[PDB]
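Q: got a sequence here, can you model it:
(chains A and B, ligands or ions: 1)
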Amino acid sequence: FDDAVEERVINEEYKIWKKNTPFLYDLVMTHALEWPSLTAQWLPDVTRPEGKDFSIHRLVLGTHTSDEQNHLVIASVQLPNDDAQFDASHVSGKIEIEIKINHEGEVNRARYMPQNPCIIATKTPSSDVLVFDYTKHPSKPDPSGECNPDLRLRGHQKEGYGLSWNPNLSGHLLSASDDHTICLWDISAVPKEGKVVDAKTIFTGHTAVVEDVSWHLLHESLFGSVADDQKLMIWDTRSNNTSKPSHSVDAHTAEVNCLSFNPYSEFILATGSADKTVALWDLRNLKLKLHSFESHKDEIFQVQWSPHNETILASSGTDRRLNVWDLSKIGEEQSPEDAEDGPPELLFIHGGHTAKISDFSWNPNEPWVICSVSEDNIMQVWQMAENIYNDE
Amino acid sequence: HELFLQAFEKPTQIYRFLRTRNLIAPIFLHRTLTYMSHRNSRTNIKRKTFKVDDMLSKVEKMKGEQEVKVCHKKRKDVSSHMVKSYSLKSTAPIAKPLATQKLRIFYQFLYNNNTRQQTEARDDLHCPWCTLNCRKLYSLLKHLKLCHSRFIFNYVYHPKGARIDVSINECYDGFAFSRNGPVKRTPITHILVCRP
Ligand SMILES: [Zn+2]
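A: Numbering: from 1, shown residues only, chains lettered A, B, ... in the order given. For reference, the structure is listed below:
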C-alpha cells in the first residue's frame, strides 16, 4: 500500500513543479486527451495564417481504450508567434482533433511516411501492421467502427512497437515485434489494389523480444535494432544472410528498448535501456561505448535526437521524467553546488508528468518544443526557458 | 505556548519527507530555474565549437593512453510472467571516458494571526525545510515561496534586522489517480506558461 502513499507524494511534487513552471519554461500547454495515447509524432507541416498571433502545428496521436472503439488521431496545436503573447486555461481553441479514423485495436505506434506524410503506418495489438492515408478517410468517423486499413501488412506473429519508414527509399517500412523478427515491406512499387502485402524480407537475428528498429539516415541499405537481447544490431539489407547482421554490439546490462540515429552525424546513434542509462555509439568503431547518460531512476523507453541541435538528445521512461542531454557538456568542471543538481551533460528534467511517459516528439518547426504523452491521458506541449541553452 | 505544532510540524515533516524523496528523483534541476541561475557555474559557449564526430577519436586516445482482467504488459496496461490484476572489456557496462561576510536571517513564525516564535539561521540563505543553499536572498524568497507553498513567506527588512515572516497558507487544497488500465477523461487544455 506504499503505492497509495506514492500517489499523494507524486501530487505534492506535481504542485511544486506547477508553481515553478514560470521559471523553467518559455511554454507549457497541458491537455487531457479523451483516451490516453501510446504514440506522439509531430507532423512536418506548418500553417502560418496571414496576420495571426499563432501558427498551426499537427500531431499523429492515437488511442488506448478500456473496452471502447480505438482511433488513429490527428490533432492540431496552435503555437504562438514570437512577438505575440496569449495565455489561457480553457474557453478557447488551442489543441483539438482534426481527424479521428477508425482503428482495430489500441495504437501501439503511428508513424508517417517522410516522402508523403498523409500516409501513416501503425503498430496494432494484432499481429498485422496497417497503413492509412488520412486523405482517403473522412474527417468525421464512421460510427459502425468499421476500420478499413488502406493496406494490411503481414509477416509478424505478435504485436510490437518499433516502426521505421526509410527516408532515402520511399515505401520501405520496418517493424520490430515480440516474435524476435524484423519485417520489411516495400509499398512504393507494388502499390496495386490488393489490400494485403507480405514482407519482402524478414530478419531473424535477435534472441529475445525486438524492442525497436530504425533506418540509418544517409545509407538507404543500413538500419539498427535493439532487443531484450541486451544488444544492438547493425543490419545491411544488401546482405543475403537474414540471420546475421553486420554488427551485434553488447550494448547494455539489461533490456535495450530504443535506438535513435543522430541527424547531423552519419556515425552517431544512441540507445535507451532498462539499465536506466542512455548509451552513445559511433558506427565507425562499435568496440568502444562512447558514453553512458546517467540520471534516469527507472527503465528508458524513448530516446530521440533534437532536429535542430547536433549535440541535444532526449530520453523518457518509467520514472515519469523526460531528460534533455547536451553532449557538448560531457566532462565539464562543476562547482560542488552545480554538481549537486546533476551531471554537466544533463541539461534539463521535465517533471510535468504524473505517470509513465509513453512517447514524445521534438517539434520539427519550433526549436526546443517537445510533445510528451503519458498514460494518465496527459499531453504536454512544452519548451524550456531559453536562458537554459542560450547565451547573450 | 507550544500549540504552534498543531499548525506547523505537519508541513515541516511533509517537506522533510520530500527532502529525501526529491534528492533521489528531481522534478527539476535547481540550476535550470531562472531565479537559481547562479547555481550553474558553467556556460553554453562550448556548443558552437562541439562536433560529435570528434568524440570517438578522443575515446580512442583515452583507451590508447592506458598501458476485472487487467494484464500489465511491460509497455502498456491492457484491460507467470505478465502480471495479472483482478479487482471487481564488454561494451555492456557503464562507460564515461570523456568525463573522468555571513549574514543572519531571522525567521518569525506566526500562529493564530499573533504569537511569534523567532528562529535565526545565520547559516546564510539555506532553506529551513529542504536544507538547499539558495546563496542569494532574492532566490531564497522565491525558493521558499514556490517550493514551500504550504506556508506564506513575507520578507521584512530592518537594520538589525532582515526577517522572513512565516505563516500557514490557508488556500492549499492533470494530477494522479487510482487507475487500473485505460480511463476516459473530459478533454481540456490549459496554458501554464507563455513567454514572449
Ligand atoms: Zn526548500
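Q: from here on, contacts and neighbour counts on C-alpha atoms
A: Fine.
Q: quick one: the helices in the chain?
A: Unless you meant another one, I'm taking chain A. Secondary structure of chain A, counting by DSSP state H: helices at A:2-20, A:336-341.
Q: should've been chain B
A: Using DSSP H, helices in chain B cover B:10-24, B:54-64, B:137-147.
Q: okay, those in CSV with distance to residue A:163 and mean neighbour count next?
A: What follows is these, written out as CSV (distance: least, Cα to Cα, whole Å; neighbours: other Cα atoms under 10 Å in any protein chain shown):
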stretch, distance to residue A:163, mean neighbour count
helix B:10-24, 34, 15
helix B:54-64, 29, 13
helix B:137-147, 41, 18
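Q: any chance of those helices in TSV, plus distance to residue A:186?
A: Below are the helices of chain B laid out as TSV (distance: least, Cα to Cα, whole Å):
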stretch	distance to residue A:186
helix B:10-24	47
helix B:54-64	35
helix B:137-147	54
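Q: out of the ones you listed, nearest to residue A:205?
A: helix B:54-64 (27.1 Å; Cα to Cα).
Q: so what touches the closest one?
A: Contacts of helix B:54-64 from elsewhere in the structure, counted by Cα atoms under 8 Å, 6 or more residues apart in numbering or on different chains, are A:282, A:285, A:288, A:290, B:97-98.
Q: so which of these are in strands?
A: residue A:282 (DSSP state E).
Q: so residue A:104 touches residue A:68, yeah?
A: No - using Cα atoms under 8 Å, residue A:104 is not in contact with residue A:68; the gap is 10.6 Å.
Q: who has more neighbours, the two?
A: Neighbours per residue, other Cα atoms under 10 Å in any protein chain shown: of residue A:104 and residue A:68, the larger number sits with residue A:104, 18 against 14.
Q: quickly note the distance from the most far-flung residue of chain B relative to its centre to residue A:286.
A: Ranked by distance from the centre of chain B (Cα atoms, centre = their mean), the top residue is residue B:67, with 43.8 Å. Distance, residue B:67 to residue A:286, by Cα to Cα, to the nearest Å: 21 Å.
Q: centre of the chain to the strand ranked longest in chain A, how far?
A: Looking across chain A with DSSP E, the single longest strand is strand A:70-80. Taking Cα atoms, centre = their mean, to the nearest Å, one finds the center of strand A:70-80 at 15 Å from the center of the full chain.
Q: quick one: strands adjacent to that strand?
A: Neighbouring strands of strand A:70-80 in its sheet, by DSSP bridges, are strand A:54-62 (antiparallel), strand A:95-103 (antiparallel).
Q: now tell me what touches the first one from outside.
A: Residues lying outside strand A:54-62 but in contact with it, judged by Cα under 8 Å, 6+ apart, are A:36-49, A:70-81, A:84, A:106-107, A:109-112.
Q: narrow those residues to those that are buried.
A: Buried by 16 or more other Cα atoms under 10 Å in any protein chain shown: A:36-43, A:70-80, A:106-107, A:109-112, out of those.
Q: contacting residues for the residue of chain B found nearest the ion?
A: For chain B and the ion, the shortest gap (Cα to the ion) falls at residue B:130, measuring 3.8 Å. The contact partners of residue B:130, taken as Cα under 8 Å, 6+ apart, are B:15-16, B:19.
Q: redo that, cut-off 6 Å
A: If you count contacts by Cα atoms under 6 Å, 6 or more residues apart in numbering or on different chains, residue B:130 has them with residue B:19.
Q: phi, psi for residue A:125 please.
A: phi -60, psi -20 (degrees, to the nearest 10).
Q: setting aside sequence neighbours, what's the nearest residue to it?
A: residue A:159 (4.9 Å; Cα to Cα, 6 or more residues apart in numbering or on different chains).
Q: how many neighbours does the one you found have?
A: Neighbours around residue A:159, by other Cα under 10 Å: 19.
Q: these two touch, right, it and residue A:127?
A: Yes - if you go by Cα atoms under 6 Å, residue A:159 and residue A:127 touch, sitting 5.1 Å apart.
Q: gap between the closest residue in space to residue A:126 that isn't next to it in sequence and residue A:183?
A: Distances taken as Cα to Cα, 6+ apart put residue A:159 closest to residue A:126, at 5.8 Å, once the chain neighbours are dropped. Distance of residue A:159 to residue A:183, given as Cα to Cα: 12 Å.
Q: ok, residues contacting stretch A:166-177?
A: A:159-160, A:162-165, A:182-188, A:210, A:212-213, A:215, A:220.
Q: end to end, how far does it reach?
A: Stretch A:166-177 has an end-to-end distance of 18 Å (Cα to Cα).
Q: that older thread, including distance to the ion and mean neighbour count, could the helices of chain A go into CSV?
A: Formatted as CSV, those follow (distance: least, Cα to the ion, whole Å; neighbours: other Cα atoms under 10 Å in any protein chain shown):
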stretch, distance to the ion, mean neighbour count
helix A:2-20, 11, 15
helix A:336-341, 14, 16
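Q: okay, the ones you listed in a markdown table with distance to residue A:140 next?
A: Shown next, in a markdown table, are the helices of chain A (distance: least, Cα to Cα, whole Å):
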| stretch | distance to residue A:140 |
| --- | --- |
| helix A:2-20 | 35 |
| helix A:336-341 | 48 |
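Q: picking that back up, out of the contacts of stretch A:166-177, who's near the ion?
A: Near the ion, judged by Cα under 5 Å from the ion, there are no entries from the contacts of stretch A:166-177.
Q: of those residues, just the buried ones, PyMOL syntax please.
A: In PyMOL, a selection of the buried entries from the contacts of stretch A:166-177 looks like this (16+ other Cα under 10 Å):
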select buried, chain A and resi 159+160+162+163+164+165+182+183+184+185+186+187+210+212+213+215+220
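Q: rewinding a little: ok, and which of the contacts of strand A:54-62 reach the ion?
A: Of the contacts of strand A:54-62, not one also sits near the ion (Cα under 5 Å from the ion).
Q: what parts of chain B come near chain A?
A: B:27-29, B:33-34, B:39-41, B:47, B:50, B:79, B:91-96, B:98-99, B:146-147, B:176, B:182, B:184-196 (Cα under 6 Å from any Cα of the partner chain).
Q: so which of those residues are in strands?
A: B:191-194.
Q: and of the residues you listed, the nearest to residue A:355?
A: Nearest to residue A:355 among these, with distances taken as Cα to Cα, is residue B:192, at 18.5 Å.
Q: who is the closest residue to the closest one other than its chain neighbours paired with across the strands?
A: With sequence-adjacent residues excluded and distances taken as Cα to Cα, 6+ apart, residue B:192 is closest to residue A:28, at 5.2 Å. Beta-bridge partners for residue A:28, by DSSP bridges, are residue A:382, residue B:193.
Q: I'd say residue A:28 and residue A:382 touch.
A: Yes - Residue A:28 is within contact range of residue A:382, at 4.5 Å (criterion: Cα under 6 Å).
Q: end-to-end on stretch A:362-369?
A: Separation of the first and last residues of stretch A:362-369 by Cα to Cα is 6 Å.
Q: pull the residues that contact that stretch.
A: By Cα under 6 Å, 6+ apart, stretch A:362-369 touches A:42, A:370, A:382-383.
Q: ok, now stretch A:282-301?
A: Contacts of stretch A:282-301 (Cα under 6 Å, 6+ apart): A:257-258, A:267-268, A:272-274, A:276-281, A:316-319, B:91, B:94-96.
Q: in it, what counts as buried?
A: Buried-residue list, stretch A:282-301, by 16+ other Cα under 10 Å: A:282, A:286-301.
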